[PDB]
């Protein structure tokens, strides 16, 4: 739906991880008929959280200026970033492939609830927001715990039309700009969404 769920958890945690999805989903802001994630709203909501199965770990944000590079390289960089900044997706079986697939299949995934296209008539360019939510466990040493990494990836390129994004390959080269927003939460089995 609002976030592509990417789980790698033991069945006894999947239910809790869905609640996290439910919770995250309620912070999408619709306007101009374009759906985007509400980070201020979401951040704020976590603070006011008065539960016990949820806690903030860290929030990270990386924004890189428009640079001409290939899709493959760019996704690899995004992946390396998510790998190095958090404990959550350290052993996730190459998120890079999950991310590279989303951008090389934009046309088939456009209607998906976790992708939002947009154009800038002034700058005559466009962008996509990919919303993804990762969940990986702590380990059998702390069975009730796992991490959830609420992530948004905003890719901007020098592409005028929406069709300009159709059929991108790992080799395709453009003037891409990338903004990654990711928040890591420590959640435990039994977490219900407010």
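Numbering follows the first chain given and starts at 1.
The mean C-alpha temperature factor is higher for 21-29 when 21-29 and 180-188 are set side by side.
Comparing 142-150 with 61-69, the higher mean C-alpha B-factor in the PDB entry belongs to 61-69. In the PDB entry, residue 41 places in the middle third of its chain by CA B-factor. Ranked by C-alpha B-factor against the other modelled residues of its chain, residue 159 falls in the middle third. When the modelled residues of the chain are ordered by C-alpha B-factor, residue 2 sits in the middle third. Remark: residue 49 belongs to the highest third of its chain, ranked by C-alpha B-factor as recorded. Among all modelled residues in its chain, residue 127 ranks in the middle third by Cα B-factor.
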